[PDB]
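One chain is shown next in structure tokens, namely the form deposited in one PDB entry.
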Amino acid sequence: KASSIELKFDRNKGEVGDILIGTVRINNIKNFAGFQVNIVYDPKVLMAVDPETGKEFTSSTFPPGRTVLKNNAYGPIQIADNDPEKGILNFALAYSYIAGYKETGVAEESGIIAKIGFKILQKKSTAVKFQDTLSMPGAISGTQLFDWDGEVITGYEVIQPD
């Protein structure tokens, strides 16, 4: 029942050339209607790729795999502004029609918001994490969650990968 955003890996070690899959998940986020996150990694050691195809993320790549914020009746808008050469992923998605969403009264409070492949480029210990950035003032460790009143949500835990 604890409210959280988590970045979790299926496995955290592999051989060079294999792809580690990171899943970004939300849990018990009250009246959840959108988010923005900033995730950083060492681009010399890991490369952000599509989990299925292995195709390198570019600046506009919005990650696949979500199980929430998919109802077209509420106007989902995806924005990506990654800088993979600098090891930065930054992407956001929210329902525009939050009036129609709130009016139905059923909130999507838990689920997957992204799946991201990380292809291993070197045999070297490394970390992937949510991290604050000056382009996101008022964030909680590089995360912002929004509700169906269009307000910023607080009080949740940011769970980093082990």
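Start at 1 with the first residue shown and count on from there.
The form deposited with a partner chain bound is left out here; the points below concern that form.
Chemist: Using a 4.5 Å heavy atom cut-off, which residue among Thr58, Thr104, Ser110, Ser96 comes into contact with its partner chain in the deposited complex?
Modeler: Of the listed residues, the single hit is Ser96.
Chemist: Report the residue, out of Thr67, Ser135, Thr126, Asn28, that has at least one non-hydrogen atom within 4.5 angstroms of its partner chain in the deposited complex.
Modeler: Exactly one listed residue reaches within 4.5 Å, namely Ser135.
Chemist: In the deposited complex, does every one of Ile77, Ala92 and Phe146 come within 4.5 Å of its partner chain, counting any heavy atom?
Modeler: Yes, the whole trio is in contact, each within 4.5 Å by some heavy atom.
Chemist: Would you check, heavy atoms only and a 4.5 Å threshold, whether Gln131 touches its partner chain in the deposited complex?
Modeler: No.
Chemist: Indicate whether its partner chain has at least one heavy atom within 4.5 Å of a heavy atom of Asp18 in the deposited complex.
Modeler: No, no contact at 4.5 Å.
Chemist: Are any of the heavy atoms in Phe35 no more than 4.5 Å from a heavy atom of its partner chain in the deposited complex?
Modeler: Close contact exists here: in the deposited complex, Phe35 approaches its partner chain to within 4.5 Å, heavy atoms only.
Chemist: Please determine whether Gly150 contacts its partner chain in the deposited complex, using a 4.5 Å cut-off between heavy atoms.
Modeler: The answer is yes: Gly150 has a heavy atom within 4.5 Å of its partner chain.
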